[PDB]
Amino acid sequence: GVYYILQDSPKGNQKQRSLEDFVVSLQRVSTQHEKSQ
Amino acid sequence: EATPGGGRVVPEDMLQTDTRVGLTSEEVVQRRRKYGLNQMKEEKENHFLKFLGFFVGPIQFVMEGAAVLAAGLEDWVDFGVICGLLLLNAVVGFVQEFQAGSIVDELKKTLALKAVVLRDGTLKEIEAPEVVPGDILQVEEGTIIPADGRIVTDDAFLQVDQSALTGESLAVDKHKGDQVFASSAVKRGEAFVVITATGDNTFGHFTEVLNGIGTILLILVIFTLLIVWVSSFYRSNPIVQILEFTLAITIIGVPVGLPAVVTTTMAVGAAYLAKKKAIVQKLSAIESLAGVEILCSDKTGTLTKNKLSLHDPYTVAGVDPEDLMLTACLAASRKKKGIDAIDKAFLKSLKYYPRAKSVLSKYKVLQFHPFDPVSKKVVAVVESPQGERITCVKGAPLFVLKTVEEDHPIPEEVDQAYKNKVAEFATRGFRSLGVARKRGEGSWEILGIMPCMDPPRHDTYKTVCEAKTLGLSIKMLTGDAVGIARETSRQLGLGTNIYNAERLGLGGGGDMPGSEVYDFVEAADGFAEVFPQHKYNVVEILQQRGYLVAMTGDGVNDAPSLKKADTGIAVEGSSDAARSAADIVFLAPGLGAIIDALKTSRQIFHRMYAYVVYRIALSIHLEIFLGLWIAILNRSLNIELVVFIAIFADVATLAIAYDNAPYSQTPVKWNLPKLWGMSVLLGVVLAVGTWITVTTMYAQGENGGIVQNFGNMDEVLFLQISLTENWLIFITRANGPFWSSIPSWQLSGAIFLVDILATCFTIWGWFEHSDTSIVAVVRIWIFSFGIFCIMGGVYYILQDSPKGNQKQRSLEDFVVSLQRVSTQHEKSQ
Amino acid sequence: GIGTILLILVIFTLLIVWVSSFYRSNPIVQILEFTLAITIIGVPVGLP
Amino acid sequence: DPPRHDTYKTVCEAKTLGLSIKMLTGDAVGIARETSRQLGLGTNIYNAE
Ligand SMILES: Nc1ncnc2c1ncn2[C@@H]1O[C@H](COP(=O)(O)OP(=O)(O)O)[C@@H](O)[C@H]1O
Ligand SMILES: Nc1ncnc2c1ncn2[C@@H]1O[C@H](COP(=O)(O)OP(=O)(O)O)[C@@H](O)[C@H]1O
Ligand SMILES: [K+]
Ligand SMILES: [Mg+2]
């Protein structure tokens with residue numbers, strides 16, 4: 001009975017969404033600069 | 001002292017009585033004041049005032065008072081053992097200092113700034129100090145000026161790199177007859193120097209941690225002594241017994257030779273590193289290298305070889321069918337003793353039939369602008385048999401077009417093909433070089449690109465792979481364009497986030513918000529088209545985020561970056577100034593040597609940290625055992641036994657500097673709060689074990705507790721303390737569980753011998769009045785092993801994106817913005 | 001990791017047993033019997 | 001007008017004393033910035049007006 005009793009959308013806060021946005025943005029700007037106008 | 005201190009015409013103008021090339025007969029010079037005047041030779045090899053120096057001090061005075069207050073030389077039991085301990089500490093300290101001073105000088109010898117003077121023949125070079133004053137000198141493009149003095153009559157300007165002894169960091173361009181300052185570099189130039197004031201008017205971090213640790217240990221010993229003296233005053237103990245107690249606690253508490261053995265560990269590690277072809281400038285660079293998190297290394301010479309492969313020059317151009325080879329080789333310095341890596345490949349690949357023999361004849365050079373890093377472009381003006389002034393230009397493929405944009409300005413037919421071909425050779429991992437020629441006064445044809453290629457070193461890929469497991473993050477620095485750098489990153493598995501340095505904001509920004517230029521620099525796999533100033537800016541930015549940066553320097557251009565970096569690494573083939581400004585000088589090429597030195601430095605730091613934790617843990621252990629036992633019960637260990645406990649802690653420690661210590665998988669640093677927490681907990685565990693041992697004999701009598709048949713409290717405590725204290729080193733010198741790495745035979749033997757001696761002490765009891773049973777020592781060994789296991793388990797259990805909040809990003813943005821507005825206003829509309 | 005933590009638990013139990021036997025001055029044979037029983041029960045021989 | 005021969009080291013030691021020296025020049029920004037570079041005073045010079 002003890003074993004049975006204890007047996008039991010944007011997935012991000014500001015930090016997580018900011019981190020993913022930064023990752024994708026740095027990828028894009030790296031590509032953009034690498035194009036070298 | 002200028003005129004009356006060894007300077008006048010006969011060491012000044014009698015120098016310039018011969019030609020430029022020639023020097024003979026250092027005659028009777030009467031004074032060789034050359035070897036770092038009265039610094040290393042000061043009181044040469046005293047070798048006997050260091051020995052007595054270790055016999056005088058605060059603790060040594062306490063031991064002398066102890067040895068005197070033992071009724072003088074009445075009996076050689078207390079006096080003998082106390083003087084033996086004092087002599088052992090003095091001898092160990094002397095030997096350790098001798099070893100540490102006899103091996104840091106061997107690294108200084110292999111790194112001295114050798115000085116070149118040219119005589120009648122091709123004299124090789126002169127070892128640094130033993131050069132006569134008032135003698136010629138040849139300072140050549142990044143050499144530390146060996147001797148102070150003035151320039152020779154020949155006309156040329158050398159830009160001396162200053163702010164090492166003066167203020168301004170800009171070009172200090174002394175031209176003729178000015179005061180050339182010793183121990184200073186030359187950014188560029190070719191001049192000769194006359195020596196004046198050959199030795200006159202020449203105008204780490206683990207040590208501080210050790211000093212703080214020693215101060216806190218002194219505080220702890222004073223607190224224990226205060227407890228002992230107070231508790232003896234309440235019991236009205238005679239002064240002699242109080243003095244015995246305070247002597248025992250002084251012996252156990254203050255570590256006599258902690259900084260000495262730490263410096264010995266550093267010196268042995270530095271010697272081992274120099275064996276691995278990595279010479280360390282200052283002994284503190286070991287810890288700095290162990291702590292680095294980001295290694296910003298130049299691609300050329302470190303991540304790739306300096307020999308280039310040439311693949312089918314792109315001779316698809318206008319009227320010019322094959323002039324690429326001829327005009328490119330026209331811009332060769334052809335010294336073959338100071339030429340760079342680029343120059344060699346042109347000559348080695350001159351297997352051209354039509355004119356390669358006739359192209360190197362009569363093309364007399366008039367002007368030869370050297371390769372300027374800010375321009376990435378070498379420009380030469382030479383003569384031709386036709387009489388024209390062929391001004392060859394060679395550099396980055398885009399920069400040559402930027403040069404030729406004036407005449408024949410950017411035709412769409414050729415410019416598009418040129419850009420497409422340079423992009424294609426970037427995709428093929430080829431370094432490209434463009435050449436433009438000047439026949440007349442109004443002709444500028446574009447010749448084409450030269451697809452050179454320098455493959456990465458055969459050990460570079462796996463070295464970079466393993467460097468990611470070591471916690472490092474390698475940031476490549478290329479003067480190449482972004483495409484070549486990105487293809488090299490793909491080849492090396494270095495990740496492809498390469499940003500042009502000028503565009504990103506290193507220096508004059510491109511209105512990029514300051515909070516995000518720092519973020520881009522921090523999370524960047526490389527930096528293409530980098531100038532010398534961008535290196536310093538990258539180092540400055542990366543340290544703001546809280547990193548320890550190791551820079552790969554080579555040449556005089558990156559000297560300020562090497563100084564600013566936490567660990568400036570002078571790579572193979574560096575100039576004298578680069579290695580003088582660096583922290584570690586390497587005599588082997590490639591990133592493999594750097595990573596091996598990193599691992600070795602981490603091992604050395606692990607040895608140091610393990611010993612420090614050992615020493616302060618057993619100090620806390622034995623002080624909070626003996627002081628508490630004196631306070632509670634007015635009893636303490638026999639003075640001979642406690643002296644031998646101290647001795648055994650100086651025998652199992654002269655071997656820690658020589659063992660197979662593992663290296664951390666992450667950059668290692670002094671976490672002083674965690675160090676103190678771990679050591680206090682280990683000492684408390686040891687003290688609890690010892691208190692259990694003694695309270696067993698209180699509970700069940702002197703020969704009935706932890707002892708089975710017979711014994712005595714003092715020798716049993718001696719054995720237990722010795723075993724549990726010396727075995728503590730096996731758990732501090734490990735990554736996680738103590739059974740991970742096998743200790744070296746030296747440490748294991750030195751500790752097992754001490755354990756055997758302690759066991760013999762207990763069995764025969766030859767410093768107290770009774771012996772101990774052979775089964776009692778077995779039980780003590782079992783209990784000590786249990787304490788060792790629980791202590792090791794405690795040690796093992798407790799062993800283990802924008803990097804900013806609003807405040808940090810705002811601060812970085814404000815810094816960059818104020819820099820930009822200062823520049824903007826300084827422009828003054 | 002689980003085996004390491006189980007070893008730590010067995011060592012803690014053995015330390016309790018040895019300390020409590022020392023305070024009672026048990027003969028070494030009885031202490032060895034106790035430690036053998038707890039070694040047998042504590043460490044799982046064939047978990048992995 | 002060259003800086004005094006003791007000025008550079010005085011400014012260097014003034015940073016260890018906790019001070020932060022702010023120069024005030026009636027000169028233009030360029031001359032002030034070059035003087036700051038000479039003296040090791042740091043180059044963030046703003047026109048007052
Ligand atoms: N001696 C040279 N003559 C002409 N172009 C050169 C020379 N050395 C380098 N370059 C070109 O300048 C760019 C990079 O030079 P650099 O900044 O020297 O690369 P590294 O800094 O990695 O040595 C590349 O386009 C390279 O081909
Ligand atoms: N007596 C003067 N006659 C002409 N111009 C002057 C005179 N004194 C200063 N100046 C100029 O005025 C500007 C700064 O003057 P000032 O405000 O006097 O500098 P400081 O305040 O540092 O003495 C500089 O351009 C300087 O050359
Ligand atoms: K440094
Ligand atoms: Mg380079």
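Read the figures in this text as sums done on the coordinates, not as results from a lab. Backbone-built Cβ (ideal geometry, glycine too); neighbour counts: all protein chains shown.
The figures follow:
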quantity	calculated
Principal semi-axes in Å for the range B:281-363 [√(5λ), Cα gyration tensor, largest first]	40, 16, 9
Separation of the residue B:159 and residue C:2 label points, Cα + 7 Å toward Cβ, nm	6.8 nm
DSSP-loop trypsin sites (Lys or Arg not before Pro) across the range B:540-611, with at most 14 other Cβ within 10 angstrom	none
Karplus-derived 3J(HN,Hα), 6.51/-1.76/1.60, for each residue of the range B:577-584, Hz, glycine and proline x	5, 4, 6, 6, 8, 8, 9, 10
Considering only chain B, percent of DSSP beta bridges that pair antiparallel, nearest 5	65 percent
Loop sites in the range B:309-406: trypsin sites (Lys or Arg not before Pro), DSSP, at most 13 other Cβ within 10 Å	B:334, B:335, B:336, B:337, B:351, B:355, B:357, B:362, B:364
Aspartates and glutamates with Cα under 13 Å of residue B:50, excluding same-chain neighbours fewer than 8 positions away	B:97
Calculated FRET value between residue B:443 and residue B:419, using beta carbons and R₀ = 25 Å, to 0.05	0.65
Distant-in-sequence amide H partners of residue B:660 (H built 1.01 Å from N, under 5 Å)	B:744
Per-residue mean of C-beta atoms belonging to partner chains within 10 Å, peptide C:30-40	1
Kirkwood-Stokes translational diffusion coefficient of the range B:292-445, alpha-carbon pairs, 4 °C, 1.567 mPa s, µm²/s	77 µm²/s
Simple label model, 7 Å out from Cα along Cβ direction - residue C:9 to residue B:352, nm	8.0 nm
Residue mean of other protein chain beta carbons inside 10 Å, C:18-27	6
Loop-located trypsin sites (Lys or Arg not before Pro) in the range B:282-331, at most 13 other Cβ atoms within 10 Å (DSSP)	B:282, B:307
Sites residue D:27 and residue C:39 - FRET efficiency at Förster radius 51 Å, r taken between beta-carbons, to 0.05	0.05
Derived scalar couplings ³J(HN,Hα) [the range B:658-674; Karplus, 6.51 cos²θ - 1.76 cosθ + 1.60; whole Hz; x for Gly, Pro]	10, 7, 7, 6, x, 9, 5, 8, 9, x, 10, 9, 5, 9, 4, x, 5
Within the range B:586-644: Cβ-based charge dipole about Cα centre, in debye rounded to nearest 20 (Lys, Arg +1; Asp, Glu -1)	140 debye
The protein assembly as shown - Rg over Rh from alpha carbon coordinates, Kirkwood radius	1.06
Residues with amide H under 5 Å from that of residue B:475, placed H, sequence gap 5 or more	B:295, B:296, B:297
Residue order, fewest to most surrounding Cβ atoms within 10 angstrom, among B:363, B:352, B:518	B:352, B:363, B:518
Other protein chain Cβ atoms within 10 Å, averaged over every residue that makes up B:517-525	2
Computed [θ] at 222 nm, deg cm²/dmol, chain D (DSSP H ≥ 4; -39,500 (n - 2.57); rounded to nearest 500)	-13000 deg cm²/dmol
Out-of-range pairs (alpha-carbon distance over 27 Å; input B:307/B:376; B:335/B:402; B:174/B:362)	B:335/B:402; B:174/B:362
Whole-Å semi-axes of the range B:457-530's equivalent ellipsoid (Cα gyration tensor)	24, 14, 8
Candidate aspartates and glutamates for bridging to residue B:803, where Cα separation is under 17 Å - those fewer than 8 sequence places away on the same chain excluded	A:20, A:21, B:293, B:516, B:519, B:522, B:525, B:540, B:812, B:813
For peptides B:473-485, B:13-25, B:415-427, sequence by mean Cβ density within 10 Å, most packed first	B:473-485, B:415-427, B:13-25
Relative packing of B:733-743, B:87-97, B:191-201, B:246-256, which averages over residues the other C-beta atoms within 10 Å, highest first	B:246-256, B:191-201, B:87-97, B:733-743
Amide H contacts under 5 Å for residue B:553, placed H, 5+ residues apart	B:569, B:570, B:571
Mean Cβ count within 10 Å, highest first, over the residues of peptides C:26-37, B:37-48	C:26-37, B:37-48
In order through the range A:10-27: 3J(HN,Hα) via Karplus (6.51 cos²θ - 1.76 cosθ + 1.60), integer Hz, x for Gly, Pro	x, 8, x, 7, 4, 4, 5, 4, 4, 5, 5, 4, 5, 4, 5, 5, 5, 4
